[PDB]
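So the chains spell out like this:
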Amino acid sequence: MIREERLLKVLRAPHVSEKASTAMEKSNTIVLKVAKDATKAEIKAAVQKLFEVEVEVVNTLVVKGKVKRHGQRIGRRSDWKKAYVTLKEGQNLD
Amino acid sequence: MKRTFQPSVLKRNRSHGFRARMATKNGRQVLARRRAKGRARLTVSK
Amino acid sequence: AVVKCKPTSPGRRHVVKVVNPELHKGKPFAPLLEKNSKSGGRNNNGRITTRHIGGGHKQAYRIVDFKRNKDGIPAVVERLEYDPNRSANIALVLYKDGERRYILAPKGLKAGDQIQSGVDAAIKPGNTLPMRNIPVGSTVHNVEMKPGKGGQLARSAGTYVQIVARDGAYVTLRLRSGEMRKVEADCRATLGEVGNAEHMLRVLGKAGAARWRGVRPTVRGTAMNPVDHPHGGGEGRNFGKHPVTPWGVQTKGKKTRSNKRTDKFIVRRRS
RNA sequence: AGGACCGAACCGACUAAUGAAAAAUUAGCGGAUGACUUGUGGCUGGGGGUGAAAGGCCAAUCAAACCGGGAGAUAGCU
RNA sequence: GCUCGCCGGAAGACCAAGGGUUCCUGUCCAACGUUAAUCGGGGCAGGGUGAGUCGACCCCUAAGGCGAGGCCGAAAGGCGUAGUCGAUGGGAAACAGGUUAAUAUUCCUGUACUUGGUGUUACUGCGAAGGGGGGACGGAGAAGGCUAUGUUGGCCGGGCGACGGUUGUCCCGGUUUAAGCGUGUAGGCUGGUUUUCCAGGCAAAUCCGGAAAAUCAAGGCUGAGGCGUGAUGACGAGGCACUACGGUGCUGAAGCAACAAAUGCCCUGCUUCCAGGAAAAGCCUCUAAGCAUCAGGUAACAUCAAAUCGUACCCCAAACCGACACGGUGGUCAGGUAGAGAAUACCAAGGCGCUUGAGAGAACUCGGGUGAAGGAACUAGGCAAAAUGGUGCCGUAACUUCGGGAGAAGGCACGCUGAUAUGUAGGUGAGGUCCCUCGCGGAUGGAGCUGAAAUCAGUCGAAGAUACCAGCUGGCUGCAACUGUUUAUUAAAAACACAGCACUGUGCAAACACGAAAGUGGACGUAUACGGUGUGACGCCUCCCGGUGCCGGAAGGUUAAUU
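Residues numbered from 1 in each chain as written, not as in the entry; some residues may be left out. Chains lettered and ligands numbered in written order. Part of a larger assembly, values for the part shown. Heavy atoms only, no water.

Draft legend 1. Spotlight on the environment of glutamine 152 of chain C. All names here are of chain C. Turning to its location among the elements, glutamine 152 is positioned in the loop between β10 (139-141) and β11 (161-167). Since its relative accessible area comes to 40%, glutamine 152 is described here as partly exposed. Remark: the alpha-carbon pair of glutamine 152 and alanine 91, spanning 61 residues in sequence, is separated by 18 Å. Excluding residues that lie within four positions of it along the chain, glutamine 152 makes contacts with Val143, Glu144 and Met145. (Helix = DSSP H or I, 4+ residues; strand = E, 2+ residues; numbered from the N terminus. Buried < 20%, exposed > 50% of the residue type's maximum accessible area, 1.4 Å probe, protein only. Contact = heavy atoms within 4.5 Å.)

Quick look at the structure:
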């Protein structure tokens with residue numbers, strides 16, 4: 001049982017990319033940016049409540065931040081957690 | 001030719017890392033000194 | 001028996017094996033085993049405290065019974081076994097109550113021999129009883145110095161002690177060194193000589209053998225530089241000084257016993 | 001069987017000629033089941049360690065490591 | 001794109017360590033790249049790392065670390081008990097195919113497995129900080145059984161030749177398929193089952209150990225591979241539709257047999273040797289306190305569960321350690337022909353041509369090739385080159401510690417073809433036939449397959465161990481017995497070490513060593529042991545105690561604090 005408030009905080013964004021699109025189309029799997037602390041179960045819960053859609057399974061991974069250079073000064077982008085969430089057969093997501 | 005530095009992360013940490021430094025009085029002193037100096041990287045710890 | 005090995009290579013030429021067939025060809029009694037890691041002759045400070053120790057073969061520790069307290073229960077000798085931890089051979093015995101122990105194998109002992117500890121026990125080889133009960137003139141081994149402690153004198157491959165006298169609460173032992181020593185008469189002792197008496201006839205025959213026995217090589221002080229040893233230095237071979245340890249103390253002759261606490265027990269020093 | 005033999009890997013470094021290289025090259029050379037070799041981790045600390053002993057080795061530094069301090073040592077010398 | 005060349009026990013493929021975006025795409029060429037650069041490991045932007053079963057975490061411990069109390073120490077702190085950490089070791093579980101520009105045992109497809117809860121019905125002794133078993137272990141050697149893998153034939157598809165021949169004993173390609181589940185084999189280990197008692201296993205034990213007694217000779221454990229299923233599937237040479245020339249979608253034959261065969265597996269086995277070969281948990285089992293008709297245990301079945309972190313890419317290197325796009329770096333994989341071979345030569349798969357080129361064809365330098373006659377005259381020195389170089393057989397001195405010396409030396413044979421023998425000796429081994437406690441069984445049988453070595457006869461060349469590969473040999477002699485070790489980076493030796501020898505200390509709270517100490521090593525050793533010193537295999541051997549040391553003596557002389 002995850003708290004409503006917690007759930008709302010978990011899910012950061014949808015991730016747009018070719019791969020993501022492919023996943024959505026073929027495998028019925030949505031690619032989300034989620035909180036770095038968000039566990040799989042929590043993510044699933046969030047998905048179910050907040051998008052109103054049955055979840056088969058969630059795979060997560062941590063994306064490491066790229067090191068960049070703004071002019072002369074070096075600086076690193078933040079790490080962030082990506083989640084492939086596979087929706088059950090016949091579940092169409094808006 | 002096998003040069004002197006042959007890196008190993010665990011070894012480095014055990015040797016020089018924060019916890020090791022903390023463990024002894026002299027280590028602590030070193031840390032303090034570093035702090036005083038204004039070091040950004042207080043220890044070898046990443 | 002001793003066996004001079006045929007010189008099919010140098011390093012085998014001068015080898016003499018001591019091959020006893022009556023030893024157990026097999027894995028030892030595992031309950032009585034325990035771990036025994038190597039020092040390298042280095043103490044808790046991590047410094048080398050005794051030179052020339054290092055390496056050699058992994059060895060288990062057989063838990064030998066030197067206290068020898070199963071009084072009244074007769075044991076029977078199951079087998080003789082190789083112990084890597086000592087010059088003697090050990091013997092796995094089986095008490096009538098089902099317990100097993102290792103003991104130093106004495107001279108005549110073999111599989112099937114019955115042995116017994118206690119005051120009542122028969123004065124025969126391998127039997128153990130207090131030296132007040134043991135007849136004067138007898139050869140004993142595995143001799144306790146303090147009652148109850150465990151055998152400390154005469155444990156090595158072909159050693160034994162003579163009970164020369166029993167004067168009241170003490171008995172006088174003629175130790176293998178030639179030292180005559182008073183010992184409390186209630187101290188325990190095992191009848192006969194300890195076993196593996198042709199141990200001294202073995203000859204290692206090569207450098208490697210020594211190494212295998214955990215003995216690193218020994219450098220001569222005279223081969224060193226003066227900063228290292230008192231004998232060091234000299235152009236060519238010089239040695240114009242009285243022999244001494246690496247720590248400057250005389251080596252040829254100078255006595256080093258300082259124990260004033262046990263001077264009373266020493267009847268006569270060895271010669 | 002063997003600190004056995006011939007010989008690749010592997011470990012070494014006797015001869016030779018010759019910066020890519022703050023010790024290498026190519027051609028040969030020694031050991032190659034052992035007192036062998038190697039990975040990972042551990043322990044020994046400076047008049048201290050370790051040393052099959054050459055004053056060798058102890059982070060390209062060793063008849064006393066490096067870093068900081070006494071310290072602007074002292075310099076009848078340049 | 002087509003040729004050419006190089007690596008191929010790597011200059012290929014996959015990891016660890018280390019790095020940390022170098023990966024992929026688009027875009028830009030100032031700088032960086034030893035030249036140019038449209039290219040890049042460079043700049044900028046975007047994308048990319050998907051796990052119950054791989055690894056970490058986790059449970060367990062080794063060396064070692066920390067260490068409540070504690071012992072010790074001016075202080076700081078040292079050592080260490082209980083404990084708790086610490087992998088490089090022990091501990092549950094996944095395979096095949098398909099897919100991305102870039103991930104995959106992680107996605108998808110198929111087919112699996114694991115150990116937890118929870119609930120069940122069925123049963124009914126459960127229970128640990130304790131007991132026992134197990135885990136649990138060395139070197140070498142030898143086979144035998146296997147597979148990986150390869151070769152040939154069969155089969156299936158395609159081919160009929162740019163130049164003489166090529167419808168055949170011809171040519172090219174393919175002929176692949178897992179874990180799991182079932183079977184429990186080659187083979188290895190052990191005698192089982194029941195009963196009774198017992199000073200043992202810190203207490204108890206129905207467990208282990210020990211005693212008896214009965215009865216049956218098969219009982220159990222282990223075990224590669226094969227076979228079956230998994231699989232009416234998947235993959236499949238290439239054909240066929242579309243084409244953003246990148247590829248996408250459909251489709252799909254055969255898919256067998258024999259022989260050879262590992263250094264891999266059975267094997268943590270067996271045999272043997274002495275130098276005598278981790279630990280703890282998981283796992284099995286036994287009970288105690290306990291609880292007692294409850295919990296807990298095992299039984300299947302249902303359901304839920306398996307979080308977290310790593311996953312790109314380089315990894316003998318242009319990405320790690322070397323200031324560089326410059327030598328070092330642990331593991332795994334190991335095709336063909338020749339060969340003893342992981343050597344060597346040429347090749348496969350795959351990967352590269354080393355980020356300045358173009359000419360010229362002087363001296364001189366480097367790295368190679370050949371050389372008349374002579375053959376060490378060179379030189380400090382045959383330094384360097386040259387030479388020797390294989391297998392089999394014959395043959396082989398002094399001296400010797402009887403092992404050696406010895407590959408001593410020195411010689412002969414060596415290709416191809418045919419025959420012996422349309423392929424032998426051997427190896428393997430199908431049908432058939434017989435037996436049978438029935439199976440992965442035993443006999444007999446020899447088809448097919450594979451296949452040396454030799455002899456005889458012929459034959460070609462200047463030359464048959466034809467290339468690469470691959471000892472120079474002998475004689476006298478110093479030193480060190482020997483194998484070893486050593487000045488990282490001018491010294492590898494006659495130096496150090498060595499087995500052996502001798503002296504000497506040391507009676508165990510050992511001498512000695514590291515420690516203001518506690519303590520630790522010596523050693524869980526005990527004089528056949530340990531320390532120190534010298535000598536240095538083996539053989540024959542090996543006067544002086546005045547000096548300096550050490551050992552013993554203590555009559556006298558001298559002699560401190562103290563008084």
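Having put the structure on the table, let's press on.
Draft legend 2. Fine view of a positive patch on the surface. A surface patch of positive charge is lined by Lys146, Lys149, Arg261 and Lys264 of chain C. For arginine 261 of chain C, the position within the fold is in the loop between α1 (207-212) and β15 (266-268). (Patch = residues over 30% accessible without salt bridge, like charges linked within 9 Å, V, L, I, M, F, W, Y side chains within 5 Å. Areas by Shrake-Rupley, 256 points an atom, 1.4 Å probe, with all protein chains shown as cover. Salt bridge = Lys/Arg side-chain N within 4 Å of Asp/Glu carboxyl O. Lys, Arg positive; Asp, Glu negative; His and termini not counted. Charge placed at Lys NZ, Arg CZ, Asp CG, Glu CD.)

Draft legend 3. A look at the pattern of salt bridges. Residue and element names in this part refer to chain C. Tallying each qualifying case throughout the model produces 18 salt bridges over all chains. Residue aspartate 97 pairs with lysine 70 through a salt bridge whose shortest N-O separation is 2.7 Å. Placement of the pair is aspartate 97 in the loop between β6 (90-95) and β7 (100-104) and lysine 70 in the loop between β4 (61-62) and β5 (74-81), with a sequence separation of 27 residues. On the basis of relative accessible area, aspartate 97 is assigned to the partly exposed category, the value being 46%. Measuring nitrogen to oxygen at the nearest pair gives 2.6 Å for the salt bridge that ties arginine 101 to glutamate 99.

Draft legend 4. Structural detail: the sheet that holds strand β6 (residues 80-87) of chain A. Residue and element names in this part refer to chain A. With respect to topology, 4 strands assemble into an open sheet ordered β1-β2-β6-β3, the strand pairing being antiparallel. Each having just a single partner strand, β1 (11-14) and β3 (55-63) make up the two edges of the open sheet. The sheet shows a mean angle of 30° between the axes of neighbouring strands, taken without regard to direction. With 3 bridges joining them, β1 and strand β2 (residues 29-34) adopt antiparallel strand pairing. Within the sheet, the bridge partner assigned to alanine 13 lies in β2 and is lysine 33. The sheet contacts of helix α2 (residues 18-27) involve β2 and β6, and relative to β2 the element is tilted by about 140°. Along the sheet, helix α3 (residues 40-51) makes contact with β1, β2, β3 and β6, crossing β3 at roughly 125°. (Pairing = 2+ DSSP bridges. Axes fitted to C-alpha atoms, helices over the stretch in contact; angles between N-to-C directions.)

Draft legend 5. The arrangement of the protein's contact with RNA strand E in detail. The full set close to RNA strand E counts 132 residues, and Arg13, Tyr82, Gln152, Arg155 and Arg220 of chain C are the nearest of them. Between RNA strand E and the protein, one listed contact pairs a sugar or linking oxygen with a backbone N or O atom of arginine 42 of chain C at 3.3 Å. A distance of 2.7 Å separates a phosphate oxygen of RNA strand E from a polar side-chain atom of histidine 229 of chain C. Among the secondary structure elements, those contributing two or more residues to the surface near RNA strand E are α2, β3, β4 (67-70) and β6 of chain A, α1 (9-16) of chain B together with β4 and α1 of chain C. The leading source of residues in the surface near RNA strand E is β3 of chain A, at 4 residues. (Near = heavy atom within 4 Å. Polar contact = N/O pair within 3.5 Å; in protein donor to acceptor, adjacent residues only side chain to side chain.)

Draft legend 6. Spotlight on the protein's contact with RNA strand D. Near RNA strand D, the surroundings consist of 29 residues, among which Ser8 of chain B together with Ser9, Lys206, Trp212 and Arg216 of chain C are the closest. Side-chain polar atom of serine 9 of chain C to a phosphate oxygen of RNA strand D: 2.7 Å apart, as the coordinates give it. Residue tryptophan 212 of chain C places a side-chain N or O atom 2.9 Å away from a phosphate oxygen belonging to RNA strand D. Of all the secondary-structure elements, those providing two or more residues to the surface near RNA strand D are α1 of chain B together with α1 of chain C. Per element, the largest residue contribution to the surface near RNA strand D is 4 residues, and it comes from α1 of chain C. Of the residues that constitute the surface near RNA strand D, the class distribution is 11 nonpolar, 9 polar and 9 charged. (Nonpolar A, V, L, I, M, F, W, Y, C, P; charged D, E, K, R; others polar.)

Draft legend 7. Focus on the pairing of strand β5 (residues 73-76) of chain A. All names here are of chain A. Looking at chain direction, β4 and β5 are connected through 4 bridges and run antiparallel. Note that in β5 the partner of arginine 69 across the bridge is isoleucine 74. The turn linking β4 back onto β5 is made up of 2 residues, and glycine 71 within it adopts a positive phi angle of 70°.

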